[PDB]
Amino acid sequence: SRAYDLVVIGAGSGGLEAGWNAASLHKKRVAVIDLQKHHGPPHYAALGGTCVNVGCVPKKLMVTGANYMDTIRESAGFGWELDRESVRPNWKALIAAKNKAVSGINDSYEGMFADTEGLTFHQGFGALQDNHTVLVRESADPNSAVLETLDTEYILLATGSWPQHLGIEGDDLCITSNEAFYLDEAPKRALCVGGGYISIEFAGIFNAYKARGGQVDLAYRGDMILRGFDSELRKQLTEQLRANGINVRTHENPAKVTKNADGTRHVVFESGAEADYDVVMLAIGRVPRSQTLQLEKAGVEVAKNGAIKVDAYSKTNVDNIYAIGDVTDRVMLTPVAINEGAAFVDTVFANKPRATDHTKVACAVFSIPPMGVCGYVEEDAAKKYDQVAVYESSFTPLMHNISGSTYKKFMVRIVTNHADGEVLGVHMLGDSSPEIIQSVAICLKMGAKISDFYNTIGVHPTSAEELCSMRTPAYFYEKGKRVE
């Protein structure tokens, strides 16, 4: 009666969440398809998804490793004595540790499969034959052998994204975040291309594990890194990355990349400037991975960028085909993907239609120092509200007056509908800002006003307490006009 109730193409953040719930909560027959069961080349992403394999999880362990550079230095101010010149970072050991951590998660995923009735794993490239037939092929090649044919009621596309490349000569000389997780040795000289959070987090990792004398450049075609983040936080972070040895190059981009005789690369920038590096990592952006799904065989509509068009309930134009996650180019974050997956199951296997709310979604940038952001940026709120008030506060935590890192300022900016004092967005820069922003997200989701913040008794001493001592605005926007 149709072999399967569900066929999920992609065992990622969204796919596993949708699959597990349908199998377990609604006892459906679910086939989940993915390229491999363990992280690593050639596919990189595997059972568990981009996050577990080549994303959030390994990035966090690496950024954590990267942080010890700073703390070893800063411990001096507090009377900690050690042979500082003997200190050496071992990348090879970091990666070893990380690999063991990732494989362990991969392995736990397999157990889940054995532990669940109706949930089965199928290896191979999934593709569509029509709206009820999912092919499982040995390669992405549209005419490689078919390993399996899956007859199904519903189809859930959850294939993720993939690293964008630039069309320049030598692009094949560059690596992406995927390969970066497997580098044999830390580059001494490195170039991260791209102004987004992934580029920035990698400059930070490289910057700490590089050999004495190394250098990390960060190129970005635009005028200021992290497009879309609070502009004031953007300039500030630029300054602190610079304070730590990262050469931030706005208005730069490779034009040609050539391999030198020693292995190293050579880069010629659109400026005319040239430079040589051990590794050139593109982190220009991510693009929806729907190119080999044969979506046309089912009549599924897609956009110029390959994103599968979905409605609030993640349904494509074909009623029995749903699509969640990065492949939908809505909000490319794991928790969002997971929510959309849970909502999908509610919607189809429980008749309780739920749409994921893609607003007030908080996020963090694990740069060193990290960012924790949520809600509107001044600019956007200004174009949607009468008059908005912007509150701002900065300070150098006391410990940093003693540690050496005087450049390390903590900043909190809050944006509000000045008419009713509703908090439209809260943006912070400084350690702990990712942990802090989570609960702030609950506030924003609840409709919190600025008087809800300053009326809560502070916790002292913490950085977070600054959130509660902001009673007067710095300036305003009246009709998109920058006022007072």
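Heads up: residue numbers just count along the shown sequence, starting at 1.
Q. Between 334 to 342 and 374 to 382, which has the higher average C-alpha B-factor in the PDB entry?
A. Higher mean C-alpha B-factor: 374 to 382.
Q. Once you work out the mean C-alpha B-factor for both 154 to 162 and 351 to 359 from the entry, which is higher?
A. Stretch with the greater average CA B-factor: 351 to 359.
**Q.** Identity of residue with top Cα B-factor, from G299, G104, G118, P142
**A.** The record points to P142.
Q. Based on what the PDB entry reports, which of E148, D171, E201, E179 has the top C-alpha B-factor?
A. That would be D171, according to the entry.
Q. How does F395 rank on Cα B-factor within its chain, lowest, middle or highest third?
A. CA B-factor rank for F395: middle third.
Q. So where's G421 on the chain's Cα temperature factor ranking, which third?
A. Highest third - that is where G421 ends up once the chain's C-alpha B-factors are sorted.
Q: Quick one: classify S314 as lowest, middle or highest third of the chain based on its Cα B-factor.
A: Lowest third.
Q: Looking at the entry's B-factor column for C-alpha atoms only, identify whether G213 ranks in the lowest, middle or highest third of its chain.
A: Answer is highest: the recorded C-alpha B-factor places it there.
Q | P473 CA temperature factor, ranked by third within the chain | A | Highest third.
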